[PDB]
There are 2 protein chains.
Amino acid sequence: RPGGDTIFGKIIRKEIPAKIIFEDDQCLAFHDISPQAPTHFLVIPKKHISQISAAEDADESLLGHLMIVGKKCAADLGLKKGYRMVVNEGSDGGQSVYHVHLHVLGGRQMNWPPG
Amino acid sequence: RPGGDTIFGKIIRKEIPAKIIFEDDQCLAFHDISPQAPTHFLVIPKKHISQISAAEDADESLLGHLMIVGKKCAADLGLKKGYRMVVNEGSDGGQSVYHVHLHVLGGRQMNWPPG
Ligand SMILES: Nc1ncnc2c1nc(Br)n2[C@@H]1O[C@H](COP(=O)(O)O)[C@@H](O)[C@H]1O
Ligand SMILES: Nc1ncnc2c1nc(Br)n2[C@@H]1O[C@H](COP(=O)(O)O)[C@@H](O)[C@H]1O
């Protein structure tokens with residue numbers, strides 16, 4: 001089973017449905033099931049990296065790719081006014097799914113602190 | 001003037017002081033002046049990219065590098081329990097400084113939504 005064995009791995013293999021917004025050979029983007037902003041989606045790599053602390057130096061381009069796709073999708077969805085990108089790491093970060101993912105939230109004004 | 005003409009460009013050129021945690025040929029990391037968590041630092045590229053929406057495809061590795069450094073520094077600072085990485089884009093994102101930067105916050109439990 002490619003893409004790892006998490007909720008996100010099942011989405012990658014198309015075992016469970018998702019609202020796919022973009023997909024390329026390296027990653028996939030889909031809407032969040034519990035949105036915290038009018039537009040709230042996730043960008044995940046097809047390669048299974050459990051968390052950012054486990055990313056290797058060679059994973060550098062793939063991690064930057066998730067942000068370039070997040071930026072392009074946010075443009076497609078009409079987020080002219082901006083957005084906020086978030087990566088949660090571990091317990092204190094609020095990570096509940098152990099497959100690296102990037103949150104892209106917009107459509108409203110984001111506050112500070114970021115949680 | 002290299003590193004652009006923002007508060008962050010002055011930090012890069014060493015015109016104004018900062019608590020530097022890490023520096024390499026591509027980026028620099030320093031503590032935030034108004035921390036929102038026990039440990040709160042920024043990772044910025046030396047190359048001037050005003051905002052994530054203005055990042056080009058070739059900037060992919062540099063953007064991923066900021067996260068790899070954020071991950072390594074967070075390890076140095078003892079963030080065993082996790083952290084949250086944030087990039088603010090534009091007005092809705094809460095961007096006040098127009099030089100791409102990554103926030104790394106930890107030391108306490110981060111909440112949801114992220115602002
Ligand atoms: N099947 C699914 N489709 C869309 N997003 C999902 C999902 N299952 C989960 Br869990 N989510 C989202 O995955 C996110 C988990 O992110 P953290 O691990 O950073 O909390 C949550 O925002 C949650 O709503
Ligand atoms: N001289 C400085 N040294 C440390 N951080 C700084 C700074 N000047 C500024 Br502005 N900051 C920080 O830069 C951040 C700006 O991030 P946003 O643009 O995403 O709000 C704030 O968290 C602020 O505290």
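When a ligand or atom number is given, it counts from 1 through the structure's own listing order. We name chains A, B, ... by the order of the sequence lines, and we start the count at 1 in each one.
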Between ligand 1 and the protein, give all atom pairs where both partners are nitrogen or oxygen and the distance is under 3.5 Å, as lines of names plus distance to 0.1 Å.
| unit_1 | atom_1 | unit_2 | atom_2 | d |
| --- | --- | --- | --- | --- |
| ligand 1 | 5 (N) | A/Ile33 | N | 3.3 |
| ligand 1 | 16 (O) | A/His101 | NE2 | 2.9 |
| ligand 1 | 16 (O) | A/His103 | NE2 | 3.4 |
| ligand 1 | 18 (O) | A/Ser96 | N | 2.8 |
| ligand 1 | 18 (O) | A/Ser96 | OG | 3.3 |
| ligand 1 | 18 (O) | A/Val97 | N | 3.1 |
| ligand 1 | 18 (O) | A/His101 | NE2 | 3.2 |
| ligand 1 | 19 (O) | A/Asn88 | ND2 | 2.7 |
| ligand 1 | 19 (O) | A/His101 | NE2 | 3.1 |
| ligand 1 | 19 (O) | A/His103 | NE2 | 3.0 |
| ligand 1 | 20 (O) | A/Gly94 | O | 3.1 |
| ligand 1 | 20 (O) | A/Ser96 | OG | 3.2 |
| ligand 1 | 22 (O) | A/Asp32 | OD1 | 3.1 |
| ligand 1 | 22 (O) | A/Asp32 | OD2 | 2.7 |
| ligand 1 | 24 (O) | A/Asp32 | OD1 | 2.7 |
| ligand 1 | 24 (O) | A/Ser34 | OG | 3.4 |

Just how far is it from atom [atom1] of [X] to atom [atom2] of [Y], taken to the nearest 0.5 Å?
X       : Y        : atom1 : atom2 : result
B/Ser91 : A/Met110 : OG    : CE    : 12.5 Å
A/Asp5  : A/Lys10  : CG    : NZ    : 6.5 Å
B/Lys71 : B/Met85  : NZ    : CE    : 9.5 Å

Determine the interplanar angle of the A/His99 and A/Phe8 rings, folded into 0 to 90°, and report it as parallel if under 30°, tilted if 30 to 60°, perpendicular if over 60°. perpendicular

Can you name the nearest heavy-atom pair linking B/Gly107 to B/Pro38, along with the distance? O-CG, 3.5 Å

Would you check if the distance from the ring center of A/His101 to the ring center of A/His103 is below 6.0 Å?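 Between A/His101 and A/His103, the centre distance is under 6.0 Å.
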
